[PDB]
file structure.pdb (PDB, C-alpha atoms and all ligand atoms)
ATOM      1  CA  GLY A   1       0.000   0.000   0.000
ATOM      2  CA  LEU A   2       0.987   3.619  -0.676
ATOM      3  CA  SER A   3       0.570   6.573   1.685
ATOM      4  CA  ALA A   4      -1.512   9.546   0.477
ATOM      5  CA  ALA A   5       1.706  11.533  -0.196
ATOM      6  CA  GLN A   6       3.031   8.742  -2.417
ATOM      7  CA  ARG A   7      -0.302   8.301  -4.264
ATOM      8  CA  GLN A   8      -0.324  11.998  -5.035
ATOM      9  CA  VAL A   9       3.183  11.980  -6.615
ATOM     10  CA  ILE A  10       2.453   8.835  -8.655
ATOM     11  CA  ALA A  11      -0.805  10.222 -10.021
ATOM     12  CA  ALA A  12       0.808  13.572 -10.939
ATOM     13  CA  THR A  13       3.938  12.181 -12.606
ATOM     14  CA  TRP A  14       1.927   9.451 -14.464
ATOM     15  CA  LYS A  15       0.315  12.233 -16.557
ATOM     16  CA  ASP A  16       3.785  13.243 -17.825
ATOM     17  CA  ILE A  17       5.023   9.638 -18.132
ATOM     18  CA  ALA A  18       1.973   8.750 -20.289
ATOM     19  CA  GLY A  19       2.755  11.832 -22.527
ATOM     20  CA  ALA A  20       1.106  11.695 -25.894
ATOM     21  CA  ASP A  21       1.475   7.930 -26.517
ATOM     22  CA  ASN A  22      -0.031   6.414 -23.335
ATOM     23  CA  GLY A  23       3.569   5.567 -22.220
ATOM     24  CA  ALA A  24       4.402   3.403 -25.251
ATOM     25  CA  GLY A  25       7.876   5.069 -25.804
ATOM     26  CA  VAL A  26       8.708   4.461 -22.102
ATOM     27  CA  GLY A  27       7.679   0.804 -22.497
ATOM     28  CA  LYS A  28       9.853   0.352 -25.583
ATOM     29  CA  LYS A  29      12.873   1.954 -23.866
ATOM     30  CA  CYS A  30      12.355  -0.115 -20.698
ATOM     31  CA  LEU A  31      12.244  -3.530 -22.482
ATOM     32  CA  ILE A  32      14.893  -2.791 -25.102
ATOM     33  CA  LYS A  33      17.334  -1.722 -22.427
ATOM     34  CA  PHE A  34      16.383  -4.620 -20.095
ATOM     35  CA  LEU A  35      17.136  -7.164 -22.829
ATOM     36  CA  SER A  36      20.360  -5.340 -23.878
ATOM     37  CA  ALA A  37      21.589  -5.542 -20.229
ATOM     38  CA  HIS A  38      20.325  -9.118 -19.617
ATOM     39  CA  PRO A  39      20.628 -10.977 -22.929
ATOM     40  CA  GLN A  40      19.481 -14.180 -21.262
ATOM     41  CA  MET A  41      15.987 -12.691 -20.836
ATOM     42  CA  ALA A  42      15.316 -12.768 -24.601
ATOM     43  CA  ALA A  43      14.763 -16.550 -24.430
ATOM     44  CA  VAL A  44      12.309 -16.109 -21.544
ATOM     45  CA  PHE A  45      10.135 -13.747 -23.546
ATOM     46  CA  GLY A  46      10.607 -15.657 -26.836
ATOM     47  CA  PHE A  47      12.256 -12.658 -28.546
ATOM     48  CA  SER A  48      15.162 -12.835 -30.959
ATOM     49  CA  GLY A  49      16.877  -9.974 -29.145
ATOM     50  CA  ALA A  50      16.505  -6.368 -28.091
ATOM     51  CA  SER A  51      15.638  -5.278 -31.607
ATOM     52  CA  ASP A  52      12.752  -7.758 -32.149
ATOM     53  CA  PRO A  53       9.634  -5.640 -32.932
ATOM     54  CA  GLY A  54       7.659  -7.736 -30.345
ATOM     55  CA  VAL A  55       9.698  -5.719 -27.703
ATOM     56  CA  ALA A  56       7.998  -2.412 -28.668
ATOM     57  CA  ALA A  57       4.578  -4.077 -28.845
ATOM     58  CA  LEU A  58       4.904  -5.696 -25.401
ATOM     59  CA  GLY A  59       6.533  -2.577 -23.835
ATOM     60  CA  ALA A  60       3.381  -0.637 -24.813
ATOM     61  CA  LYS A  61       1.034  -3.255 -23.240
ATOM     62  CA  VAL A  62       3.021  -3.229 -20.004
ATOM     63  CA  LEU A  63       2.823   0.585 -19.763
ATOM     64  CA  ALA A  64      -0.910   0.695 -20.539
ATOM     65  CA  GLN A  65      -1.446  -1.869 -17.756
ATOM     66  CA  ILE A  66       0.569   0.301 -15.292
ATOM     67  CA  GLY A  67      -1.732   3.237 -16.199
ATOM     68  CA  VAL A  68      -4.780   1.055 -15.293
ATOM     69  CA  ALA A  69      -3.240   0.151 -11.859
ATOM     70  CA  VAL A  70      -2.493   3.927 -11.261
ATOM     71  CA  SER A  71      -6.186   4.731 -11.963
ATOM     72  CA  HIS A  72      -7.090   2.430  -9.052
ATOM     73  CA  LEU A  73      -4.554   3.679  -6.483
ATOM     74  CA  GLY A  74      -7.605   5.088  -4.579
ATOM     75  CA  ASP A  75      -8.843   1.510  -4.067
ATOM     76  CA  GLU A  76      -5.902  -0.780  -3.339
ATOM     77  CA  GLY A  77      -8.163  -3.854  -3.256
ATOM     78  CA  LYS A  78      -9.065  -3.258  -6.920
ATOM     79  CA  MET A  79      -5.447  -2.637  -7.954
ATOM     80  CA  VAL A  80      -4.207  -5.801  -6.218
ATOM     81  CA  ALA A  81      -6.989  -7.970  -7.675
ATOM     82  CA  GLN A  82      -6.433  -6.677 -11.185
ATOM     83  CA  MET A  83      -2.665  -7.282 -10.989
ATOM     84  CA  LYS A  84      -3.162 -10.737  -9.536
ATOM     85  CA  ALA A  85      -5.344 -11.640 -12.570
ATOM     86  CA  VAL A  86      -2.568 -10.387 -14.937
ATOM     87  CA  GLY A  87      -0.146 -12.539 -12.948
ATOM     88  CA  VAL A  88      -2.344 -15.636 -13.368
ATOM     89  CA  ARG A  89      -2.317 -14.997 -17.134
ATOM     90  CA  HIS A  90       1.499 -15.110 -17.065
ATOM     91  CA  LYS A  91       1.310 -18.796 -16.001
ATOM     92  CA  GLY A  92       0.716 -19.453 -19.752
ATOM     93  CA  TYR A  93       3.353 -17.083 -21.180
ATOM     94  CA  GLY A  94       6.962 -17.164 -22.274
ATOM     95  CA  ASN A  95       9.358 -19.967 -23.212
ATOM     96  CA  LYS A  96      11.201 -20.282 -19.868
ATOM     97  CA  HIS A  97       9.831 -20.454 -16.311
ATOM     98  CA  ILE A  98       9.083 -16.852 -15.166
ATOM     99  CA  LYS A  99      10.940 -16.300 -11.844
ATOM    100  CA  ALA A 100      10.125 -13.727  -9.196
ATOM    101  CA  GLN A 101      13.769 -12.663  -9.339
ATOM    102  CA  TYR A 102      13.333 -11.302 -12.887
ATOM    103  CA  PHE A 103      11.047  -8.523 -11.611
ATOM    104  CA  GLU A 104      13.653  -6.556  -9.712
ATOM    105  CA  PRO A 105      15.902  -5.640 -12.647
ATOM    106  CA  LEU A 106      12.786  -4.933 -14.755
ATOM    107  CA  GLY A 107      11.811  -2.339 -12.062
ATOM    108  CA  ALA A 108      15.172  -0.648 -12.374
ATOM    109  CA  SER A 109      14.828  -0.491 -16.190
ATOM    110  CA  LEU A 110      11.311   0.947 -15.813
ATOM    111  CA  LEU A 111      12.316   3.703 -13.382
ATOM    112  CA  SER A 112      15.266   4.667 -15.578
ATOM    113  CA  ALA A 113      13.034   4.888 -18.689
ATOM    114  CA  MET A 114      10.514   7.037 -16.786
ATOM    115  CA  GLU A 115      13.333   9.416 -15.790
ATOM    116  CA  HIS A 116      14.630   9.557 -19.340
ATOM    117  CA  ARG A 117      11.242  10.905 -20.384
ATOM    118  CA  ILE A 118      10.320  13.214 -17.455
ATOM    119  CA  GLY A 119      13.812  14.401 -16.419
ATOM    120  CA  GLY A 120      13.729  16.698 -13.383
ATOM    121  CA  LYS A 121      10.151  15.788 -12.509
ATOM    122  CA  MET A 122      11.544  12.409 -11.349
ATOM    123  CA  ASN A 123      12.871  13.906  -8.085
ATOM    124  CA  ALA A 124      13.508  12.273  -4.688
ATOM    125  CA  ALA A 125       9.848  12.018  -3.848
ATOM    126  CA  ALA A 126       8.930  10.553  -7.282
ATOM    127  CA  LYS A 127      11.738   7.955  -7.144
ATOM    128  CA  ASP A 128      10.626   6.817  -3.677
ATOM    129  CA  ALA A 129       6.937   6.708  -4.657
ATOM    130  CA  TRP A 130       7.509   4.909  -7.958
ATOM    131  CA  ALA A 131       9.786   2.290  -6.274
ATOM    132  CA  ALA A 132       6.939   1.583  -3.716
ATOM    133  CA  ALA A 133       4.268   1.538  -6.512
ATOM    134  CA  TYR A 134       6.407  -0.888  -8.595
ATOM    135  CA  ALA A 135       6.855  -3.097  -5.481
ATOM    136  CA  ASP A 136       3.081  -3.213  -4.959
ATOM    137  CA  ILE A 137       2.240  -3.800  -8.643
ATOM    138  CA  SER A 138       4.927  -6.406  -9.303
ATOM    139  CA  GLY A 139       4.303  -8.122  -5.924
ATOM    140  CA  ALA A 140       0.577  -8.550  -6.753
ATOM    141  CA  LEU A 141       1.405  -9.960 -10.211
ATOM    142  CA  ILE A 142       3.908 -12.405  -8.694
ATOM    143  CA  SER A 143       1.283 -13.531  -6.116
ATOM    144  CA  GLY A 144      -1.040 -14.425  -9.078
ATOM    145  CA  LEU A 145       1.832 -16.076 -11.024
ATOM    146  CA  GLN A 146       2.640 -18.262  -8.020
ATOM    147  CA  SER A 147      -0.926 -19.155  -7.013
TER     148      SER A 147
HETATM  149  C1  LIG A 201      10.426 -10.082 -16.071
HETATM  150  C2  LIG A 201       9.056 -10.106 -15.866
HETATM  151  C3  LIG A 201       8.093 -10.478 -16.941
HETATM  152  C4  LIG A 201       8.095 -11.385 -17.922
HETATM  153  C5  LIG A 201       9.184 -12.427 -18.264
HETATM  154  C6  LIG A 201       6.877 -11.292 -18.684
HETATM  155  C7  LIG A 201       6.523 -11.998 -19.773
HETATM  156  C8  LIG A 201       5.471 -11.803 -20.630
HETATM  157  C9  LIG A 201       5.199 -12.517 -21.865
HETATM  158  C10 LIG A 201       6.154 -13.609 -22.416
HETATM  159  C11 LIG A 201       4.094 -12.076 -22.386
HETATM  160  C12 LIG A 201       3.277 -12.387 -23.608
HETATM  161  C13 LIG A 201       3.569 -12.428 -25.067
HETATM  162  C14 LIG A 201       2.509 -13.393 -25.674
HETATM  163  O1  LIG A 201       1.318 -13.009 -25.635
HETATM  164  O2  LIG A 201       2.860 -14.544 -26.039
HETATM  165  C15 LIG A 201       3.570 -11.023 -21.433
HETATM  166  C16 LIG A 201       2.449 -10.303 -21.696
HETATM  167  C17 LIG A 201       2.070  -9.231 -20.846
HETATM  168  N1  LIG A 201       2.746  -8.861 -19.701
HETATM  169 FE1  LIG A 201       4.356  -9.542 -18.952
HETATM  170  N2  LIG A 201       6.127 -10.252 -18.175
HETATM  171  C18 LIG A 201       6.798  -9.721 -17.130
HETATM  172  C19 LIG A 201       6.395  -8.663 -16.322
HETATM  173  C20 LIG A 201       5.223  -7.942 -16.433
HETATM  174  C21 LIG A 201       4.842  -6.773 -15.676
HETATM  175  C22 LIG A 201       5.680  -6.221 -14.495
HETATM  176  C23 LIG A 201       3.660  -6.370 -16.125
HETATM  177  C24 LIG A 201       2.734  -5.252 -15.683
HETATM  178  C25 LIG A 201       3.018  -4.443 -14.734
HETATM  179  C26 LIG A 201       3.265  -7.253 -17.234
HETATM  180  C27 LIG A 201       2.142  -7.172 -17.987
HETATM  181  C28 LIG A 201       1.890  -7.839 -19.150
HETATM  182  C29 LIG A 201       0.780  -7.595 -20.066
HETATM  183  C30 LIG A 201      -0.276  -6.486 -19.817
HETATM  184  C31 LIG A 201       0.875  -8.412 -21.088
HETATM  185  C32 LIG A 201      -0.047  -8.572 -22.315
HETATM  186  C33 LIG A 201      -0.982  -9.757 -22.276
HETATM  187  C34 LIG A 201      -2.000  -9.712 -21.187
HETATM  188  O3  LIG A 201      -2.550  -8.610 -20.884
HETATM  189  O4  LIG A 201      -2.217 -10.773 -20.508
HETATM  190  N3  LIG A 201       4.266  -8.176 -17.395
HETATM  191  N4  LIG A 201       4.448 -10.881 -20.385
END
call {"tool": "encode", "arguments": {"input": "structure.pdb", "output": "structure tokens"}}
result
Amino acid sequence: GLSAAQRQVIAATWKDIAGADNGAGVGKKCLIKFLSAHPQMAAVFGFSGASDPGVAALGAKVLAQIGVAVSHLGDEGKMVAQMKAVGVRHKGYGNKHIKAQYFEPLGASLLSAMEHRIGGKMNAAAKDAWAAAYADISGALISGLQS
């Protein structure tokens, strides 16, 4: 769960992170860079590499889904349930077992791509709030994946 201060920062910065493409450029940057830093993850996702066009496509879906969890930050129960259902869907995805450990480096790639877009707006309070929101969102997905 997020405190009211954290929910406020997430909601405000999400408007700039979504920009004029519902965050699709952030999603492409996040996944391209994650696969370039961790080449082994391409096999998990079933991609040929960081330049496979499926990376842009999936990066956009991931970001749109984050925007849906942000719209429910006012009702944590709804956000958690929604993310658990996405997690359950992941039981049928990829070519390699999806491990909880993979989520941490993806979080780092996501926060760096958000900063690359919003610059100075990603201050101390935004980094703290987005780390806690990613922990909540990823943690709920993992609970569904492992159910
Ligand atoms: C390292 C962690 C992850 C891996 C390996 C992974 C893997 C995948 C794969 C292989 C697919 C589907 C491609 C196909 O349809 O065959 C997928 C789809 C998707 N992933 Fe992930 N995923 C991860 C993390 C996440 C996160 C953190 C989110 C959201 C916050 C997310 C949300 C989605 C969504 C929205 C889709 C599209 C399909 C659907 O809505 O069920 N994933 N993921």
call {"tool": "resolve_selection", "arguments": {"input": "structure.pdb", "expression": "the PyMOL selection byres (((not hetatm)) within 8 of (chain A and resi 201))", "output": "PDB file with C-alpha atoms, in the coordinates of the input"}}
result
ATOM      1  CA  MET A  41      15.987 -12.691 -20.836  1.00  0.00           C
ATOM      2  CA  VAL A  44      12.309 -16.109 -21.544  1.00  0.00           C
ATOM      3  CA  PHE A  45      10.135 -13.747 -23.546  1.00  0.00           C
ATOM      4  CA  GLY A  46      10.607 -15.657 -26.836  1.00  0.00           C
ATOM      5  CA  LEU A  58       4.904  -5.696 -25.401  1.00  0.00           C
ATOM      6  CA  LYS A  61       1.034  -3.255 -23.240  1.00  0.00           C
ATOM      7  CA  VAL A  62       3.021  -3.229 -20.004  1.00  0.00           C
ATOM      8  CA  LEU A  63       2.823   0.585 -19.763  1.00  0.00           C
ATOM      9  CA  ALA A  64      -0.910   0.695 -20.539  1.00  0.00           C
ATOM     10  CA  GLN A  65      -1.446  -1.869 -17.756  1.00  0.00           C
ATOM     11  CA  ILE A  66       0.569   0.301 -15.292  1.00  0.00           C
ATOM     12  CA  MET A  83      -2.665  -7.282 -10.989  1.00  0.00           C
ATOM     13  CA  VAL A  86      -2.568 -10.387 -14.937  1.00  0.00           C
ATOM     14  CA  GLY A  87      -0.146 -12.539 -12.948  1.00  0.00           C
ATOM     15  CA  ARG A  89      -2.317 -14.997 -17.134  1.00  0.00           C
ATOM     16  CA  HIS A  90       1.499 -15.110 -17.065  1.00  0.00           C
ATOM     17  CA  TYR A  93       3.353 -17.083 -21.180  1.00  0.00           C
ATOM     18  CA  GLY A  94       6.962 -17.164 -22.274  1.00  0.00           C
ATOM     19  CA  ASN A  95       9.358 -19.967 -23.212  1.00  0.00           C
ATOM     20  CA  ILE A  98       9.083 -16.852 -15.166  1.00  0.00           C
ATOM     21  CA  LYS A  99      10.940 -16.300 -11.844  1.00  0.00           C
ATOM     22  CA  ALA A 100      10.125 -13.727  -9.196  1.00  0.00           C
ATOM     23  CA  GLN A 101      13.769 -12.663  -9.339  1.00  0.00           C
ATOM     24  CA  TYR A 102      13.333 -11.302 -12.887  1.00  0.00           C
ATOM     25  CA  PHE A 103      11.047  -8.523 -11.611  1.00  0.00           C
ATOM     26  CA  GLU A 104      13.653  -6.556  -9.712  1.00  0.00           C
ATOM     27  CA  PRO A 105      15.902  -5.640 -12.647  1.00  0.00           C
ATOM     28  CA  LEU A 106      12.786  -4.933 -14.755  1.00  0.00           C
ATOM     29  CA  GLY A 107      11.811  -2.339 -12.062  1.00  0.00           C
ATOM     30  CA  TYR A 134       6.407  -0.888  -8.595  1.00  0.00           C
ATOM     31  CA  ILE A 137       2.240  -3.800  -8.643  1.00  0.00           C
ATOM     32  CA  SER A 138       4.927  -6.406  -9.303  1.00  0.00           C
ATOM     33  CA  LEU A 141       1.405  -9.960 -10.211  1.00  0.00           C
TER      34      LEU A 141
END
call {"tool": "atom_distance", "arguments": {"input": "structure.pdb", "atom1": "CA of residue 28 in chain A", "atom2": "CA of residue 147 in chain A"}}
result
29.0 Å
call {"tool": "resolve_selection", "arguments": {"input": "structure.pdb", "expression": "the PyMOL selection byres (((chain A and resi 74) around 12) and not hetatm)", "output": "JSON, numbers by chain"}}
result
{"A": [1, 2, 3, 4, 6, 7, 8, 10, 11, 68, 69, 70, 71, 72, 73, 75, 76, 77, 78, 79, 80]}
call {"tool": "atom_distance", "arguments": {"input": "structure.pdb", "atom1": "CA of residue 111 in chain A", "atom2": "CA of residue 136 in chain A"}}
result
14.3 Å
call {"tool": "closest_residue", "arguments": {"input": "structure.pdb", "among": "A:84, A:91, A:15, A:33", "to": "residue 143 in chain A", "atoms": "only C-alpha atoms"}}
result
A:84
call {"tool": "resolve_selection", "arguments": {"input": "structure.pdb", "expression": "the PyMOL selection byres (((chain A and resi 113) around 9) and not hetatm)", "output": "list in words"}}
result
residues 25, 26, 27, 28, 29, 30, 33, 108, 109, 110, 111, 112, 114, 115, 116, 117 and 118 of chain A
call {"tool": "atom_distance", "arguments": {"input": "structure.pdb", "atom1": "CA of residue 34 in chain A", "atom2": "CA of residue 133 in chain A"}}
result
19.2 Å
call {"tool": "residues_near_point", "arguments": {"input": "structure.pdb", "point": "(14.5, -5.5, -23.8)", "cutoff": "9 Å", "atoms": "all atoms listed in the file", "output": "ChimeraX atom specification"}}
result
/A:28-39,41-42,47,49-52,55-56,59
call {"tool": "closest_residue", "arguments": {"input": "structure.pdb", "among": "A:67, A:5, A:43, A:53", "to": "residue 19 in chain A", "atoms": "only C-alpha atoms"}}
result
A:67
call {"tool": "closest_residue", "arguments": {"input": "structure.pdb", "among": "A:22, A:123, A:146, A:48", "to": "residue 9 in chain A", "atoms": "all atoms listed in the file"}}
result
A:123
call {"tool": "closest_residue", "arguments": {"input": "structure.pdb", "among": "A:88, A:12, A:23, A:82", "to": "residue 144 in chain A", "atoms": "only C-alpha atoms"}}
result
A:88
call {"tool": "decode", "arguments": {"input": "structure.pdb", "residues": "range 28-127 of chain A", "atoms": "C-alpha atoms", "output": "short mmCIF file (atom, residue, chain, number, x, y, z; two decimals), in the first residue's frame"}}
result
data_model
loop_
_atom_site.label_atom_id
_atom_site.label_comp_id
_atom_site.auth_asym_id
_atom_site.auth_seq_id
_atom_site.Cartn_x
_atom_site.Cartn_y
_atom_site.Cartn_z
CA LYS A 28 9.85 0.35 -25.58
CA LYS A 29 12.87 1.95 -23.87
CA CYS A 30 12.36 -0.12 -20.70
CA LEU A 31 12.24 -3.53 -22.48
CA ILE A 32 14.89 -2.79 -25.10
CA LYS A 33 17.33 -1.72 -22.43
CA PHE A 34 16.38 -4.62 -20.10
CA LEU A 35 17.14 -7.16 -22.83
CA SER A 36 20.36 -5.34 -23.88
CA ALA A 37 21.59 -5.54 -20.23
CA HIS A 38 20.33 -9.12 -19.62
CA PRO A 39 20.63 -10.98 -22.93
CA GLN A 40 19.48 -14.18 -21.26
CA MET A 41 15.99 -12.69 -20.84
CA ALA A 42 15.32 -12.77 -24.60
CA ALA A 43 14.76 -16.55 -24.43
CA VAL A 44 12.31 -16.11 -21.54
CA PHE A 45 10.14 -13.75 -23.55
CA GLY A 46 10.61 -15.66 -26.84
CA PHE A 47 12.26 -12.66 -28.55
CA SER A 48 15.16 -12.84 -30.96
CA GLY A 49 16.88 -9.97 -29.15
CA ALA A 50 16.50 -6.37 -28.09
CA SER A 51 15.64 -5.28 -31.61
CA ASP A 52 12.75 -7.76 -32.15
CA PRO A 53 9.63 -5.64 -32.93
CA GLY A 54 7.66 -7.74 -30.34
CA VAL A 55 9.70 -5.72 -27.70
CA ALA A 56 8.00 -2.41 -28.67
CA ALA A 57 4.58 -4.08 -28.84
CA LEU A 58 4.90 -5.70 -25.40
CA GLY A 59 6.53 -2.58 -23.83
CA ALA A 60 3.38 -0.64 -24.81
CA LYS A 61 1.03 -3.26 -23.24
CA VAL A 62 3.02 -3.23 -20.00
CA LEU A 63 2.82 0.59 -19.76
CA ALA A 64 -0.91 0.70 -20.54
CA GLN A 65 -1.45 -1.87 -17.76
CA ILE A 66 0.57 0.30 -15.29
CA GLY A 67 -1.73 3.24 -16.20
CA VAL A 68 -4.78 1.05 -15.29
CA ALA A 69 -3.24 0.15 -11.86
CA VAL A 70 -2.49 3.93 -11.26
CA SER A 71 -6.19 4.73 -11.96
CA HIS A 72 -7.09 2.43 -9.05
CA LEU A 73 -4.55 3.68 -6.48
CA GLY A 74 -7.61 5.09 -4.58
CA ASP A 75 -8.84 1.51 -4.07
CA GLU A 76 -5.90 -0.78 -3.34
CA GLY A 77 -8.16 -3.85 -3.26
CA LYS A 78 -9.06 -3.26 -6.92
CA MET A 79 -5.45 -2.64 -7.95
CA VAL A 80 -4.21 -5.80 -6.22
CA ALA A 81 -6.99 -7.97 -7.68
CA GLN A 82 -6.43 -6.68 -11.19
CA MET A 83 -2.66 -7.28 -10.99
CA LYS A 84 -3.16 -10.74 -9.54
CA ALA A 85 -5.34 -11.64 -12.57
CA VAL A 86 -2.57 -10.39 -14.94
CA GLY A 87 -0.15 -12.54 -12.95
CA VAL A 88 -2.34 -15.64 -13.37
CA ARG A 89 -2.32 -15.00 -17.13
CA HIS A 90 1.50 -15.11 -17.07
CA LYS A 91 1.31 -18.80 -16.00
CA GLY A 92 0.72 -19.45 -19.75
CA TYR A 93 3.35 -17.08 -21.18
CA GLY A 94 6.96 -17.16 -22.27
CA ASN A 95 9.36 -19.97 -23.21
CA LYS A 96 11.20 -20.28 -19.87
CA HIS A 97 9.83 -20.45 -16.31
CA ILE A 98 9.08 -16.85 -15.17
CA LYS A 99 10.94 -16.30 -11.84
CA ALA A 100 10.12 -13.73 -9.20
CA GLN A 101 13.77 -12.66 -9.34
CA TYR A 102 13.33 -11.30 -12.89
CA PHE A 103 11.05 -8.52 -11.61
CA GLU A 104 13.65 -6.56 -9.71
CA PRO A 105 15.90 -5.64 -12.65
CA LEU A 106 12.79 -4.93 -14.76
CA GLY A 107 11.81 -2.34 -12.06
CA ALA A 108 15.17 -0.65 -12.37
CA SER A 109 14.83 -0.49 -16.19
CA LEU A 110 11.31 0.95 -15.81
CA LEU A 111 12.32 3.70 -13.38
CA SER A 112 15.27 4.67 -15.58
CA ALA A 113 13.03 4.89 -18.69
CA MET A 114 10.51 7.04 -16.79
CA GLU A 115 13.33 9.42 -15.79
CA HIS A 116 14.63 9.56 -19.34
CA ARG A 117 11.24 10.91 -20.38
CA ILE A 118 10.32 13.21 -17.46
CA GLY A 119 13.81 14.40 -16.42
CA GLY A 120 13.73 16.70 -13.38
CA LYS A 121 10.15 15.79 -12.51
CA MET A 122 11.54 12.41 -11.35
CA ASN A 123 12.87 13.91 -8.08
CA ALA A 124 13.51 12.27 -4.69
CA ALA A 125 9.85 12.02 -3.85
CA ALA A 126 8.93 10.55 -7.28
CA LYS A 127 11.74 7.96 -7.14
#
